[PDB]
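Shown below, as structure tokens, is a lone chain in the form deposited in one PDB entry; questions about how it binds or moves come after it.
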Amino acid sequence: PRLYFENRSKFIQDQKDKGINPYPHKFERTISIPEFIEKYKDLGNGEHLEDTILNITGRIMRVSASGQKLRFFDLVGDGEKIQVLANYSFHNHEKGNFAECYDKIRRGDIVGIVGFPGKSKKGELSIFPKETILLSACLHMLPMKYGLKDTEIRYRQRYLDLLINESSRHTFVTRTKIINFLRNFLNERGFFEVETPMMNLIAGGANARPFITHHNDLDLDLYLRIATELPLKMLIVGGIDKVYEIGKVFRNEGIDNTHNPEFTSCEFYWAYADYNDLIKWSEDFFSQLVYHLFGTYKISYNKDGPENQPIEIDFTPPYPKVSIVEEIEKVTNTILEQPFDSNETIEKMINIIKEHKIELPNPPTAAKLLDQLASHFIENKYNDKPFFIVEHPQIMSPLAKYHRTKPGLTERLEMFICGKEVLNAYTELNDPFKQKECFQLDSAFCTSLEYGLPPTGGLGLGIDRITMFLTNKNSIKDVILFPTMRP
């Protein structure tokens, strides 16, 4: 109970009162636990290297019952494990009673050890101490091997999740491996990474309620970025022809499984590229990244929870392209004539929505009805492959350049994986006269457009959702180390 904490705390003072330092300043270890496993895993059973003295550190995770002369522990570090085998005959009795010194050790204690490497008779690789020193004590009782499935402890105290549940470490290692692979993928193709402001006087290139915060001395209100699209395109104007940013953005809406207040986005802008360049980019990149992580283009994913049978997602390129308006017009068996915000085709969409018992949009704007219609009739089209929804109407894509053969449409693409969007890209609108809100946009961006934005293609990736799919998670809370929670 809380008695355990009280008792370990008082134990700590007792050691201080005997002039022992239960938190020493520095311990020079010679080798990591992984390095140890690598160098000594091929020893023979019962074999010892009793003249090779090592200093090693780790956390005690298992304490097995005292024999008269032998003590056994599990020691872990960097997500790996060796055994401690403390034998009375090898103990340097000059530095204290064997029994009392190893009786102090508790599960969760961090120790440093002076000893030699060797194996059990049974063959277990272990370090044989001569001396072990407490280095930092764990004052509470740690959960047991499978005792930590309570989500709240894993998110409000992720150090425990990282210590107990083997998988979580792999999940965040895989997250970093993905961001590394993305950085080096853009870097090898001549792209140039930059940092643009988190605070501005306007929210950027999407639609979302912002976070407001007050700069005091300047007595102004600033808004957290909802995207990076605008300053990065300005940098394209400045002749940084391949540019990207990997960092946080903020959107002040509701938490769910695919949506967190702050999330990690990566945007890139690519001068003289277009829609088709970006299609191939996405095919290239997801296929290579999956193959880089798994040795295959096929992975398995628990779309409907770990309680249910998973599905196979195949990242083999090319992926399918589905035209949003045409495909809605084909599934619904109706025809939507432009303008899409006609009174008549707005009412046609609203009748599709009422007839299929689909919820209707808070304001029934054409863009929001088309969005809802795609959400119900397309976005779960393919669940065994990523696919692209393409050629969105101009009324849904205020910064996408107009389609070069299909009037009213844009050269835009979104990629979906199990029906959740991971990717948003288009041929960038670069005619300042056609960006008709220059008469969530600001004059600095629009003015920059008048200096000549070359024909460019831009892409934005949801890093969190991609990580979810590649680490078999159903909630964004499992790929963010410190998800934000209600108290």
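Each residue number is its position in the shown sequence, starting from 1. Note that the rigid core is defined as the largest set of C-alphas that superpose within 1.5 Å between two forms.
Keep in mind that the form deposited in another entry is missing from the display, and what follows is about it.
Asker: Please name the single residue among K95, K248, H170, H259 whose Cα shifts by at least 2 Å between the shown form and the other one after core superposition.
Answerer: Single residue meeting the criterion: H259.
Asker: Is the shift of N351 between the shown form and the other one large enough to count as movement, that is, does its C-alpha move by 2 Å or more after the core is superposed?
Answerer: Where the cores coincide, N351 still shows a C-alpha shift between the shown form and the other one that is 2 Å or more.
Asker: Any chance the CA of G79 moves 2 angstroms or more between the shown form and the other one, core superposed?
Answerer: Shift at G79: below 2 Å after core fit.
Asker: Comparing between the shown form and the other one on the rigid core, is the C-alpha shift at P197 2 Å or larger?
Answerer: No, shifts by less than 2 Å.
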